[PDB]
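**Student:** Provided hereafter are the protein sequence and its experimental coordinates.
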Amino acid sequence: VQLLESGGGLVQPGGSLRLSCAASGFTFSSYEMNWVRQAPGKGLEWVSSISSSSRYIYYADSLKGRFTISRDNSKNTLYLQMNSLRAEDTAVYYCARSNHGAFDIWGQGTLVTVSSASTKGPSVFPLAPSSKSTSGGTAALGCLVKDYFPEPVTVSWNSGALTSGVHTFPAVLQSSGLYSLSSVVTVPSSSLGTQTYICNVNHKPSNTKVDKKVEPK
Amino acid sequence: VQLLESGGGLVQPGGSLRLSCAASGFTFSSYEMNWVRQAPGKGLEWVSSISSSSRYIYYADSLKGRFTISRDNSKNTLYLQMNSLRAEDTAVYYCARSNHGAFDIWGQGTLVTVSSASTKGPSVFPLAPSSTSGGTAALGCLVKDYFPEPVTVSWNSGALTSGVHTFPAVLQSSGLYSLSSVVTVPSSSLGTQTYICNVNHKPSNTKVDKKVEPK
Amino acid sequence: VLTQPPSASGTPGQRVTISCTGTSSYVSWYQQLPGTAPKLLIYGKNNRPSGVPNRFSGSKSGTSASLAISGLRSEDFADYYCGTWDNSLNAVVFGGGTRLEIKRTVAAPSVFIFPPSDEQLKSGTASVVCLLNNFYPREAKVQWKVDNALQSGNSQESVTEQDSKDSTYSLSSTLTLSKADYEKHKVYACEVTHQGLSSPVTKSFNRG
Amino acid sequence: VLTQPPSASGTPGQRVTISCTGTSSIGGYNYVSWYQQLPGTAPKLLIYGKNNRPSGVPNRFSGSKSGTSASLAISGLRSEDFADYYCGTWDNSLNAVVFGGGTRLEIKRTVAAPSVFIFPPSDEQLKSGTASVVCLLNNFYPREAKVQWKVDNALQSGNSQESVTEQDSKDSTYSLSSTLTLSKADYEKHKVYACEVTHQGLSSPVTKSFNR
Ligand SMILES: CN[C@@H](C)Cc1ccc2c(c1)OCO2
């Protein structure tokens, strides 16, 4: 059983957005489907619920009716319409199933960012390993992704061929209003002269795909 | 009865590719055919199926409609169109004949690698004998830093097969593949027999015959 | 209408109890693994769905219940959440969320320093990164010294989640200055203080 | 839906069984098929329908179905049976073809100590500016092994990779190779190199080295 959400993204305050959840592996019409959201760095919050074949519908007062839940039982799809969106609605939204009085199937979630800030691709800079690496063979290298918005951003090394010692740090929101993080991998020093290291950074919100070579200096 | 697949190769992510399967020995127009893939180091996964009359077609839901199956009954051929290729699509693709309720006849498979890395011919370095506690002598060839798969290694144009071990290719952190082929021979024959490794990487059109001599 | 302890530490192989105070009860517990969607742990005490390990157990207890975790293992790093259904308002309540720190042995951090790239320097800004890798506990002190003068304040720290295989942590301190400010000093150093160090460690470098 | 155990070991001449567990929590009343895949070869059809065998499948292969679960029986094991075994059916809750995880058949054999070999980095390879050292573990059993590197008595880590061949179809043993990734600089930092292997079939860890 899989539940995949789509439609989340960056919208301005007061706008509207429609999210969809597609289910697989179970009878959609025979189960109840709910929406639950989580603010960045905050707790979980129930949003809405709908019964089998659109029998019973429930929401919460924190959203003063701005949200509308529906389902196409003949299409195994659930929809959530958000109107008069506010900055407080920014969060990751999940679709969940109700089986025995609790949520047993959760979706991966979709991020909705409500803000007047504009999208911007990130800049990738090399954190070049150099003489100031040493550490008895455990040299470090990496790439700095800076000044990007909205979230998120994904980083890989050598198209995925390098995964051991990789640490991609949580995004930090700078005073500029943009996000910045770094991805650093630790490798044996002896391997510096026998391999080229490239950071593959993907920022889908801005259609950014950058491969940056990290050379020692 | 035989089934041969073709069209596999290296393609950039998001590209297209058409795979063809040719049958020779059975009434192709009288059987339903299928495409099934196996990813490197993973299990089998069904892809698509087409009936004899091209009336019923089923695809795996994970494809998102990126694949399109077809068949030419007039020419005994089966076709698969792969669009918006992803890294997950990298695998060996087989055609099969659905007789009764299973896959009766299988093809030999065709490798499809989806990656942005460029084709790289391997470097072949001899691994000469030294010292051995085994009373034998192990000598071989190192095929390093090549892409994509596969690489085939023989010894003395196929004459020498006994005691040969060609290791599975290991994808290094560098993004390139590497392997070693080693044969153990009686140590008394080191100075009176020629040992040649024939390494063929058809991608990149590399064929190298390297002689291993003690040193 | 549900409350959850902010934090809950543990040791490998031990047992941890996470409480969820409420007005009444059936409390259902969920786990939020680092960077992943929540998963269902227990419909009700001893009613764990398929897949969830038997190590987790519930406790049906009147108004206030709790969740018990035995055989504390690595992957148990997560924020745990409790939830019921207040039929009074026909709404689903949720807990504050408890973070599980899996106590491990003290691990010294590896300190790395990275000067600013010429690519960035051409852009008018200069960023400097100090890296603390695979240390325990999380608490550590990273200090930026530009010409022996503390510069913390223009820096910004990011800390990874508790690694499952090692239970360690990683931390990056980034010092950001303009090109002019960067060009007005020579000595740039990062100094780290942590439980696993007897003498403070310093990774330095010069502009040239 | 279909679940298969990862590995299953047998004894030559003896009998071995492999299980393909289904689920209805999906459904059943489907026909489960069995396929065999030897290393480096496309799958071969073993069983289809009600314990039927096509053409070349011997009498030593049979398949049973009981509820949402089917099993494969291989009586009279041979070293040539070393392969990966899969099961397949036609799900109707998904209207697709579902395959099992597959099981790695591993016929047992006597405990075999490896014949260790060490190879010096190539003259050409050093010219390119890199040094690779190959440590060979030949025809040992069981699979588990532990290879360690030392250069001028300097222990290493995280700078080598190893590949292990499939179980041999005749002797049923394994051969393993481990390569060390060094560059001309670090290589010339030392002149003596060695490999230390410790295996169950071995009495005491062995070491082989070269001087140059
Ligand atoms: C879509 N054609 C189907 C009906 C043929 C089929 C059915 C069951 C199978 C199978 C193939 O492979 C193994 O289990």
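**Tutor:** Looks like it came in fine. Numbering: from 1, shown residues only, chains lettered A, B, ... in the order given.

**Student:** only C-alpha atoms for contact and neighbour calcs from this point on.
**Tutor:** OK.

**Student:** and the residue lying closest to residue A:135 once chain neighbours are set aside, bridged to which residues?
**Tutor:** For residue A:135, ignoring the flanking residues on the chain, the nearest one in space by Cα to Cα, 6 or more residues apart in numbering or on different chains is residue C:110 at 7.6 Å. The partner list for residue C:110 in beta bridges (DSSP bridges) reads residue C:133.

**Student:** try residue C:145
**Tutor:** With DSSP bridges as the rule, residue C:145 is bridged to residue C:150, residue C:189.

**Student:** For it, grab the count of nearby residues.
**Tutor:** As a burial measure, residue C:145 scores 17 neighbours (other Cα atoms under 10 Å in any protein chain shown).

**Student:** What are the structural domain limits within chain C?
**Tutor:** C:7-102, C:110-206 (automatic domain parsing).

**Student:** With respect to residue A:23, which of those lies nearest?
**Tutor:** Shortest distance between residue A:23 and the domains of chain C, using Cα to Cα, is found for domain C:7-102: 15.6 Å.

**Student:** Quick one: end-to-end distance for that closest one.
**Tutor:** 11 Å (Cα to Cα, to the nearest Å).

**Student:** Which residues of chain C lie near chain A?
**Tutor:** C:28, C:36-40, C:43, C:49, C:81, C:90-97, C:110, C:112-117, C:119-120, C:129, C:156-160, C:170-172, C:203-205 (Cα under 8 Å from any Cα of the partner chain).

**Student:** My reading is that residue A:29 lies in a strand. Confirm?
**Tutor:** No. Membership of residue A:29 in a strand is not supported by DSSP: H, G, I helix; E, B strand; the rest coil, which gives helix.

**Student:** returning to what we had before: among the residues of chain C next to chain A, which are in helices?
**Tutor:** C:119, C:120 (DSSP state H).

**Student:** and stretch A:110-130, anywhere near chain D?
**Tutor:** No. Counting by Cα under 8 Å from any Cα, chain D has no neighbours in stretch A:110-130; the shortest distance is 15.6 Å.

**Student:** Any idea how far that stretch is from the middle of the chain?
**Tutor:** 13 Å (Cα atoms, centre = their mean, to the nearest Å).

**Student:** likewise stretch C:52-71?
**Tutor:** 23 Å.

**Student:** Stretch C:194-202 now?
**Tutor:** For stretch C:194-202, the distance to the chain centre is 21 Å (Cα atoms, centre = their mean).

**Student:** count of neighbours near the residue nearest to residue A:135?
**Tutor:** 17.

**Student:** That one against residue C:136, yeah?
**Tutor:** No. In this structure residue C:110 lies outside contact range of residue C:136 using Cα atoms under 8 Å: 11.0 Å.

**Student:** tell me the centre residue of chain A?
**Tutor:** residue A:152 (5.2 Å; Cα atoms, centre = their mean).

**Student:** mind giving me the domain ranges of chain A?
**Tutor:** Split by automatic domain parsing, chain A gives A:2-114, A:123-214.

**Student:** For the longest one, measure first residue to last.
**Tutor:** Yep, that's domain A:2-114 we're talking about. Domain A:2-114: ends 27 Å apart by Cα to Cα.

**Student:** Quick one: distance of it to the chain centre.
**Tutor:** On Cα atoms, centre = their mean, the centre of domain A:2-114 falls 16 Å from that of its chain.

**Student:** Chain B contacts on chain A?
**Tutor:** Residues of chain A lying near chain B (Cα under 8 Å from any Cα): A:158, A:159, A:161, A:162, A:163, A:195, A:196, A:197.

**Student:** Excluding sequence neighbours, find me the nearest residue to residue 171.
**Tutor:** The chain I'm using is chain A. Using Cα to Cα, 6+ apart, the nearest residue to residue A:171 is residue A:181, at 4.8 Å.

**Student:** you looked at the wrong chain, it should be chain C
**Tutor:** residue C:159 (4.3 Å).

**Student:** where's the one you found relative to chain D, distance?
**Tutor:** 24 Å (Cα to the nearest Cα, to the nearest Å).

**Student:** Neighbours of that residue, how many?
**Tutor:** With other Cα under 10 Å as criterion, residue C:159 counts 20.

**Student:** likewise residue C:87?
**Tutor:** 8.

**Student:** I'd like to know how far it sits from chain A.
**Tutor:** Counting by Cα to the nearest Cα, the gap from residue C:87 to chain A is 11 Å.

**Student:** can you count the residues close to the nearest residue to residue A:38 once chain neighbours are set aside?
**Tutor:** Spatial nearest neighbour of residue A:38, excluding adjacent residues (Cα to Cα, 6+ apart): residue A:44 at 4.6 Å. Look at residue A:44: counted by other Cα under 10 Å, it has 24 neighbours.

**Student:** picking that back up, following element in sequence after the helix or strand encompassing the residue nearest to residue A:171, please.
**Tutor:** Using DSSP states H and E, residue A:181 sits within strand A:179-188. Downstream of strand A:179-188, the next assigned helix or strand under DSSP H and E is strand A:197-203.

**Student:** Next, the buried residues of that next one.
**Tutor:** A:197, A:198, A:199, A:200, A:201, A:202, A:203 (16 or more other Cα atoms under 10 Å in any protein chain shown).

**Student:** what does stretch A:126-145 give?
**Tutor:** A:126-130, A:132-133, A:137-145.

**Student:** Just the terminal-to-terminal distance for it.
**Tutor:** First residue to last in stretch A:126-145 (Cα to Cα) measures 9 Å.

**Student:** Pull the residues that contact that stretch.
**Tutor:** Residues outside stretch A:126-145 that contact it (Cα atoms under 8 Å, 6 or more residues apart in numbering or on different chains): A:122-125, A:180-190, A:199, A:201, A:212-217, C:110, C:112-117, C:129, C:203-205.

**Student:** Residue A:4 contacts residue A:21, doesn't it?
**Tutor:** Yes. Using Cα under 8 Å, residue A:4 is in contact with residue A:21, at 5.4 Å.

**Student:** any shared contact partners between these two?
**Tutor:** Common neighbours of residue A:4 and residue A:21 (Cα under 8 Å, 6+ apart) are residue A:107.

**Student:** between the two, who's got more neighbours?
**Tutor:** residue A:21 (25 against 17).

**Student:** Write down the beta-bridge partners of that one, one by one.
**Tutor:** Going by DSSP bridges, residue A:21 forms beta bridges with residue A:5, residue A:78.

**Student:** Just list the residues touching it, thanks.
**Tutor:** So residue A:21 contacts A:3, A:4, A:5, A:6, A:77, A:78, A:79, A:95, A:107 (Cα under 8 Å, 6+ apart).

**Student:** if we go to 7 Å?
**Tutor:** By Cα atoms under 7 Å, 6 or more residues apart in numbering or on different chains, the residues touching residue A:21 are A:3, A:4, A:5, A:6, A:77, A:78, A:79, A:95.

**Student:** The strand holding residue A:181 to strand D:160-164, inter-axis angle?
**Tutor:** Going by axes from the mean of the first three to the mean of the last three Cα atoms, to 10 degrees, strand A:179-188 is angled at 70 degrees with respect to strand D:160-164.

**Student:** Kindly calculate the angle that strand A:179-188 makes with strand D:174-183.
**Tutor:** Using the same axes, to 10 degrees: strand A:179-188 against strand D:174-183 is 110 degrees.

**Student:** Confirm that residue C:75 sits in a helix.
**Tutor:** Yes. Under three-state DSSP, residue C:75 falls within a helix.

**Student:** And it, how far from the ligand?
**Tutor:** The gap separating residue C:75 from the ligand is 36 Å, by Cα to the nearest ligand atom, to the nearest Å.

**Student:** Identify the residue spatially nearest to that residue, adjacent ones excluded.
**Tutor:** residue C:164 (5.2 Å).
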